[PDB]
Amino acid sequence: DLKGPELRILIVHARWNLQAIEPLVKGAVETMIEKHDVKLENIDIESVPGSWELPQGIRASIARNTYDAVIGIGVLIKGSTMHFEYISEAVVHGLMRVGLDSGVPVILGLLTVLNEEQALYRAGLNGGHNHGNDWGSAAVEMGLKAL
């Protein structure tokens, strides 16, 4: 049971498909607090328009303040074109790059699904498990291991 009362965590989330984003952020926040003793005042939450902006928003934020771990949250749903595949591939590499360039643990809270239902299910609705909870724990664990 890892506890991180002194950890400063950053959460950057996109605003596309808010129906699925909100639950994810909550589950992450609630879990860090209620289960890892992270302090609410130590959790910064920022948003960007879409998943494409996630890597950029995180990079700008960890250059200004100091965080022990970051959680990038976004929901990409396959559409009619190849837009979904290209954005997904670029964003995932971008998030990995920002983490490796900065030395700050970047947790993957990106969902890349085929339809809305799949997203809601992974956000804890319709009998599914909220994946945000897992991301909060990973944030805490990686943040501690980085000291």
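When you see a residue number, it is the position in the sequence shown, counting from 1.
Peer 1: Would 93 to 101 or 57 to 65 have the larger average of its C-alpha temperature factors, as given in the entry?
Peer 2: Per the PDB entry, the higher value belongs to 57 to 65.
Peer 1: Could you settle it for me: does 40 to 48 or 102 to 110 have the higher average Cα B factor in the PDB entry?
Peer 2: According to the PDB entry, the answer is 40 to 48.
Peer 1: Which third, lowest, middle or highest, does the CA B-factor of residue 120 fall in along this chain?
Peer 2: Its C-alpha B-factor belongs to the middle third of this chain's values.
Peer 1: Within this chain's modelled residues, let me know which third the CA B factor of residue 70 belongs to: lowest, middle or highest.
Peer 2: Ranked within chain, residue 70 CA B lands in the middle tercile.
Peer 1: Where does the C-alpha B-factor of residue 9 rank in its chain, lowest, middle or highest third?
Peer 2: Highest third of the chain for residue 9's C-alpha B-factor.
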